[PDB]
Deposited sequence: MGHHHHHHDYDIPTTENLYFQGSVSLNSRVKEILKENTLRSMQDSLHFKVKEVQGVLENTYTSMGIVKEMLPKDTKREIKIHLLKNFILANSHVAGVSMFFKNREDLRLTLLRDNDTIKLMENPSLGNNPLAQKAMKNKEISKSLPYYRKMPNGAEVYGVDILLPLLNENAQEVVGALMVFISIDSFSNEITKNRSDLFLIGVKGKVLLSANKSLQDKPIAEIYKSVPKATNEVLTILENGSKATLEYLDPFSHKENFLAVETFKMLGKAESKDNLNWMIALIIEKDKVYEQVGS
């Protein structure tokens, strides 16, 4: 049978891979729908006819209350006095946007591309911004806006601490985080040039927002791998995805 069973063994493995991965994905999700809420609080309170001294603490608290959050920032249309921008030194520091606007012009909220933000010590952090229009007591008029800078790098906790077999992949297939940092901000279609059968199945699932398994010769290991991949809407509409690889052995 050694092939009848090599094939049942395969099934056994991919099943538990997807089980594990599905847990890995649940993890990373609730770490952000917690924030989007622990956030959200913030949206309603801030635009209160309260004071700059008040709101700072409000924001300075919400950063502290969300590890993977690395900064925030505030605007108010003609009340220009109310600009400010708080970031990560190891406490917060105060330092010194057609999307922010755009989502005011909506009252729907939006995200950005991943990008690298230089930080008060000098260090550059990969992250996305999450915009959040600020609106009036009646909520038919647009006040200012908020901006929460989510460190993608902060998720090495979930992604790369003591394992190195997971990948976080965001839009059109750009590796967002991975044990090897050479890959951050490069798209899978070029990292894995060698296996378009594979990257086209991954880019497809990403688009459709689903899960699958498959195999590919890895170009770093030079050996065949099993791959399980699974998606989730990063705000709680477009997908991020996590990948879990296992060398056949």
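Residues of the deposited sequence lacking C-alpha coordinates, numbered from 1, fall in the stretches 1-25, 122-128, 269-274, 288-295.
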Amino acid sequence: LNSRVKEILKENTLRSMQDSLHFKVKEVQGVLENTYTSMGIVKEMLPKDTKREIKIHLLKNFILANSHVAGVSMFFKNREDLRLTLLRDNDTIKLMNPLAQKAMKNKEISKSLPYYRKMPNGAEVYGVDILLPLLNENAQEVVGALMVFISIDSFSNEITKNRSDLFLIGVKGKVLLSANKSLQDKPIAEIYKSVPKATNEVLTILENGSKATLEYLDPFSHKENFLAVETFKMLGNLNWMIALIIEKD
From here on, numbers count along this sequence of modelled residues.
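In this entry, 43-51 shows the higher mean Cα temperature factor of the pair 214-222 and 43-51. In this entry, 237-245 shows the higher mean Cα temperature factor of the pair 15-23 and 237-245. If you compare the C-alpha temperature factors of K105, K94, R163, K118 in the entry, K105 comes out highest. Of the residues listed, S151, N136, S178, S112, the entry assigns the biggest Cα temperature factor to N136. Ranked by C-alpha B-factor against the other modelled residues of its chain, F167 falls in the lowest third. Per the deposited record, the Cα B-factor of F76 falls in the highest third when ranked against the other modelled residues of its chain. Among all modelled residues in this chain, the alpha-carbon of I130 has a temperature factor (C-alpha) in the middle third. The deposited CA B-factor of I159 belongs to the lowest third of values across its chain. Ranked by C-alpha B-factor against the other modelled residues of its chain, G144 falls in the highest third.
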